[PDB]
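S.K.: I'd like to ask you about the structure that follows.
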Number of protein chains: 2
Amino acid sequence: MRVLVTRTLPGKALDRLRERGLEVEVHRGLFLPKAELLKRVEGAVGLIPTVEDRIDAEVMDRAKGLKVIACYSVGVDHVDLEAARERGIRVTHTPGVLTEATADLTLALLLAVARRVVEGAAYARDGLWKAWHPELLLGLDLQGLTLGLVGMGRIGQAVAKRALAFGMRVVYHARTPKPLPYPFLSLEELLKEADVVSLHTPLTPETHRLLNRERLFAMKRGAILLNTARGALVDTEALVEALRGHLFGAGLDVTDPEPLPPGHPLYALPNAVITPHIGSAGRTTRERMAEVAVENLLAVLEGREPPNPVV
Amino acid sequence: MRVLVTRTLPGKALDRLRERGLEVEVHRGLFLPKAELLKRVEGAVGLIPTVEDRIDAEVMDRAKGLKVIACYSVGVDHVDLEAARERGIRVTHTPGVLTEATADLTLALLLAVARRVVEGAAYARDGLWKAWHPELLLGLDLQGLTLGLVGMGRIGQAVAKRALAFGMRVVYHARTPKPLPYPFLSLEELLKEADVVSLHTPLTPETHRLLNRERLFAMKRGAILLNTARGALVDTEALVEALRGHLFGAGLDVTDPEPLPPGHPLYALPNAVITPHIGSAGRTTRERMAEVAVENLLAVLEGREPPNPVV
């Protein structure tokens, strides 16, 4: 029995598979052309893909004998679930594991923008730092400001908890209210009253470019936009427009398109902080994700019910 | 009666002094040579300096009539307190008003280092971002980690409150135990068990180079050092050696020397994030510090006790 892992993983979670007599094939590098995936997948009983791998019907048919697709991620939009179901293939993911890490970086971006940390680091690095001054790199004090969360799942709730510790007030909008000690608002009122808007809602036809030109300019002048969820939730070109003078700034860990090309105007805006989708990039988090994917995969191969099934 | 303000301040706090009939001289620019300070302080009854202005006996004797030195800062290591006392000159500062802003920046630096945010921004900006990968820009998850505060005044306590929301454990060291819900440890014990060490103590002959070579290497391999207090508290050169292969990283808002020249080795270490001493650079905070400095100066000139005296 051979298992295909589309990318190298941190930690030694895979050793468990090797200990079980399973043959582990781990693909090295930043890219995996669909052509090479099809070649490597045939004959494999188990598969551990990433969000960068399109696991469609073709891949499944090519993998005559595939029993489980243990996703190295919480999201599974890159896997044709119905195609797998129709083929008796189990599909699992890694829920819960990256919540705190994603929340942490969300906060890191808020602080990075609000207090001009990235900008300040460049200022010192480039030799512009000559002395301390009362008006140098003034940012926004967070105390008393309102953080408006769009989507209140586990990550959104983790972000709210952190925000409260910085003296921020919290409000939120979601498809459904929740028993939380925060005011539930319509998207319209949230954009109107929030000093900082953070996105934490899944991407769907309804949320595709939710933060369009009209909503971005509906936010208060001097507001900050944060997005560590899905790039497509924001109309990138419109964000550039709003950043020239309306919005205080924006912190993005996800973009559209993604990756965001080097010559894109957002990179030329000092009030924009763009990180390369590293929201879950905590070493322990990434190793934990590996352990969970491995557990799910072994579970299915041992004729047991996996702990985090999608199908 | 003339009052000399050594740097321009944000906000209109100074108008209060003008409304009282006081002549207000405010120096513009990033520099104020001592020879220039001496020339302008002569005949002044009040002085509002910054950490950039060394107020020693020479300055005091040149004024010939100075009644109060209302510091626009919380730290006063740049003022000869004993010289002022022997001359009957009052010295005040601005504590409390900058507590939350400084705590925010401290957390910003921790997240910036731990999650490699500044480095990540550069990665995307330079055009190296080509795909998402399980091992790209892996950082340190803060959950479960111990934060050791050396010095537990208002800022240290404010930092602890925020750290707890990120899932961190808090321990601290100070001259004597305080009525706080955290383990009290000796400096030695703290350095040994803390994953993140943050300095929050004033600079004095006893705290000069507190974090020397021996103590920096006494910290855990993989630990993070934060310094938003005073640069001279750390042996900068030893810090460089420790960052090459022992410590995970360091977040510094203060350095020695300050400013730290751009050719300094620390700027070439990606696991070091240096900001230009912007800890209290929250716009509202800086305007409030101005109001507080003004209230203290006016109080002394009015023959009444100032709210935040040091001398």
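By order in the structure tokens, chains are A, B, ...; within a chain, residues start at 1; ligands start at 1, following the order shown.
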Applying 10 Å and only C-alpha atoms, which residues near residue 37 (chain A) remain after dropping the ones on its own chain fewer than 5 positions away? List them as number ranges by chain.

M.R.: A: 4, 6, 27, 32, 42, 53-55, 59, 62-63

S.K.: Write the residues of the preceding selection, restricted to C-alpha atoms, as a PDB file, in the first residue's frame.

M.R.:
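Writing done, so here's out_11.pdb:
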```pdb
ATOM      1  CA  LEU A   4       0.925  10.011  -1.846  1.00  0.00           C
ATOM      2  CA  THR A   6       1.513  16.204  -2.541  1.00  0.00           C
ATOM      3  CA  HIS A  27       6.570  15.221  -3.453  1.00  0.00           C
ATOM      4  CA  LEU A  32       2.986  19.776  -8.707  1.00  0.00           C
ATOM      5  CA  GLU A  42      -2.371   5.853  -9.863  1.00  0.00           C
ATOM      6  CA  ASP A  53      -3.967  20.430  -5.617  1.00  0.00           C
ATOM      7  CA  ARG A  54      -7.135  20.034  -7.675  1.00  0.00           C
ATOM      8  CA  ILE A  55      -8.568  16.650  -6.676  1.00  0.00           C
ATOM      9  CA  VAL A  59      -7.560  12.248 -10.470  1.00  0.00           C
ATOM     10  CA  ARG A  62      -6.710   7.720 -12.392  1.00  0.00           C
ATOM     11  CA  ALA A  63      -6.175   6.514  -8.827  1.00  0.00           C
TER      12      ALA A  63
END
```

S.K.: Neighbouring residues of residue 75 (chain B) were defined as those with any atom within 10 Å, considering only C-alpha atoms; residues of the same chain fewer than 6 positions away were excluded. Please report them as a PDB file with C-alpha atoms, in the first residue's frame.

M.R.:
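To be explicit, this is the file written out as result-v4.pdb:
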```
ATOM      1  CA  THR B  50      11.849  64.733  25.140  1.00  0.00           C
ATOM      2  CA  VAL B  51      14.115  61.717  25.631  1.00  0.00           C
ATOM      3  CA  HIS B  93       6.598  63.002  33.671  1.00  0.00           C
ATOM      4  CA  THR B  94       3.685  61.373  31.847  1.00  0.00           C
ATOM      5  CA  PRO B  95       2.880  57.920  33.261  1.00  0.00           C
ATOM      6  CA  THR B 201      11.987  48.330  33.754  1.00  0.00           C
ATOM      7  CA  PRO B 202      13.514  51.836  33.944  1.00  0.00           C
ATOM      8  CA  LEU B 203      17.157  52.407  33.032  1.00  0.00           C
ATOM      9  CA  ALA B 229      11.786  49.951  27.487  1.00  0.00           C
ATOM     10  CA  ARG B 230      15.305  51.346  27.083  1.00  0.00           C
TER      11      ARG B 230
END
```

S.K.: As a CSV table (one decimal) with N, CA and C atoms, in the first residue's frame, which residues of region 38-210 of chain B does DSSP assign to strand (DSSP E)?

M.R.:
```csv
chain,number,residue,atom,x,y,z
B,46,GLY,N,9.9,77.4,32.4
B,46,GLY,CA,9.5,76.0,32.3
B,46,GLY,C,10.1,75.4,31.1
B,47,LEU,N,10.2,74.0,31.1
B,47,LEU,CA,10.8,73.3,30.0
B,47,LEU,C,10.1,72.0,29.8
B,48,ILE,N,9.7,71.7,28.6
B,48,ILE,CA,9.0,70.4,28.2
B,48,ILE,C,10.0,69.7,27.3
B,68,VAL,N,10.4,74.3,36.6
B,68,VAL,CA,9.9,73.0,36.3
B,68,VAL,C,10.3,72.4,35.0
B,69,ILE,N,10.6,71.1,35.0
B,69,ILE,CA,11.0,70.3,33.9
B,69,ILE,C,9.9,69.2,33.7
B,70,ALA,N,8.9,69.5,32.9
B,70,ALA,CA,7.8,68.7,32.6
B,70,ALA,C,8.1,67.7,31.5
B,90,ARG,N,11.4,71.4,40.1
B,90,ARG,CA,10.5,70.3,40.0
B,90,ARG,C,10.7,69.5,38.7
B,91,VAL,N,10.5,68.2,38.8
B,91,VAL,CA,10.6,67.4,37.6
B,91,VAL,C,9.3,66.5,37.6
B,92,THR,N,8.6,66.4,36.5
B,92,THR,CA,7.4,65.6,36.3
B,92,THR,C,7.5,64.8,35.1
B,146,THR,N,5.3,30.6,27.8
B,146,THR,CA,5.4,31.4,28.9
B,146,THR,C,6.0,32.7,28.6
B,147,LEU,N,5.4,33.8,29.1
B,147,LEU,CA,5.9,35.2,28.9
B,147,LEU,C,6.4,35.6,30.2
B,148,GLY,N,7.7,36.0,30.3
B,148,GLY,CA,8.3,36.4,31.5
B,148,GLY,C,8.5,37.9,31.4
B,149,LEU,N,7.9,38.7,32.3
B,149,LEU,CA,8.1,40.1,32.3
B,149,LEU,C,9.1,40.6,33.4
B,150,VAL,N,10.1,41.3,33.0
B,150,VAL,CA,11.1,41.7,33.9
B,150,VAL,C,10.7,43.2,34.2
B,169,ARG,N,1.0,32.0,29.2
B,169,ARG,CA,1.2,31.9,30.6
B,169,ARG,C,2.1,33.0,31.0
B,170,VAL,N,1.8,33.7,32.1
B,170,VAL,CA,2.6,34.8,32.5
B,170,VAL,C,3.3,34.7,33.9
B,171,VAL,N,4.6,35.0,33.9
B,171,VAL,CA,5.4,35.0,35.1
B,171,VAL,C,6.1,36.3,35.1
B,172,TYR,N,6.7,36.7,36.2
B,172,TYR,CA,7.4,38.0,36.3
B,172,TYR,C,8.4,38.1,37.4
B,173,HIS,N,9.3,39.1,37.2
B,173,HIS,CA,10.3,39.3,38.2
B,173,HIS,C,10.3,40.8,38.5
B,196,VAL,N,9.3,33.8,26.1
B,196,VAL,CA,9.4,35.1,25.6
B,196,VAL,C,9.7,36.0,26.8
B,197,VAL,N,10.8,36.8,26.7
B,197,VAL,CA,11.2,37.7,27.8
B,197,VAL,C,11.0,39.1,27.3
B,198,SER,N,10.2,39.9,28.1
B,198,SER,CA,10.0,41.3,27.7
B,198,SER,C,10.4,42.2,28.8
B,199,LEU,N,11.2,43.2,28.4
B,199,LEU,CA,11.7,44.2,29.4
B,199,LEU,C,10.7,45.4,29.6
```

S.K.: Excluding region 122-134 of chain B and residues on its chain fewer than 4 positions from it, collect all residues at most 8 Å away from it, counting only C-alpha atoms, and give them as a count of residues only.

M.R.: 20

S.K.: Which residues are near residue 143 (chain A)? Cut-off 9 Å, only C-alpha atoms, ignore same chain within fewer than 4 positions. Put them as JSON, numbers by chain.

M.R.: {"A": [166, 167, 168, 169], "B": [100, 101]}

S.K.: Would you mind telling me which residue in A:239, A:141, A:245, A:208 lies nearest to residue 288 (chain B) when using only C-alpha atoms?

M.R.: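 Of the candidates, the smallest distance to residue 288 (chain B) is held by A:141.
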
S.K.: Could you give me, as a PyMOL selection string, the residues within 9 Å of region 211-214 of chain B, counting only C-alpha atoms and dropping anything in the same chain fewer than 6 positions from it?

M.R.: chain B and resi 233-239+241-242

S.K.: The selected residues should be written to file as a PDB file, in the first residue's frame (atoms: C-alpha atoms).

M.R.:
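Result went into again-v4.pdb, see below:
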```pdb
ATOM      1  CA  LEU B 233      19.183  47.457  29.057  1.00  0.00           C
ATOM      2  CA  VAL B 234      20.581  45.050  26.470  1.00  0.00           C
ATOM      3  CA  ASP B 235      24.076  44.285  25.186  1.00  0.00           C
ATOM      4  CA  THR B 236      23.280  44.902  21.521  1.00  0.00           C
ATOM      5  CA  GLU B 237      26.448  43.239  20.214  1.00  0.00           C
ATOM      6  CA  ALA B 238      25.856  40.076  22.249  1.00  0.00           C
ATOM      7  CA  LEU B 239      22.253  40.111  21.024  1.00  0.00           C
ATOM      8  CA  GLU B 241      25.564  36.727  18.294  1.00  0.00           C
ATOM      9  CA  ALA B 242      22.590  35.188  20.128  1.00  0.00           C
TER      10      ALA B 242
END
```

S.K.: Pick out the closest residue to residue 243 (chain A) from this set: A:144, A:270, A:151, A:183. Count only C-alpha atoms.

M.R.: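 Result for the nearest residue to residue 243 (chain A): A:270.
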
S.K.: Find, counting only C-alpha atoms, the residue in A:29, A:303, A:257, A:309 that gets nearest to residue 74 (chain A).

M.R.: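 Ranked by minimum distance to residue 74 (chain A), first place goes to A:309.
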
S.K.: Considering only C-alpha atoms, state which residue in the set B:254, B:1, B:18, B:136 is at the smallest distance from residue 44 (chain B).

M.R.: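 Smallest separation from residue 44 (chain B) among the options: B:1.
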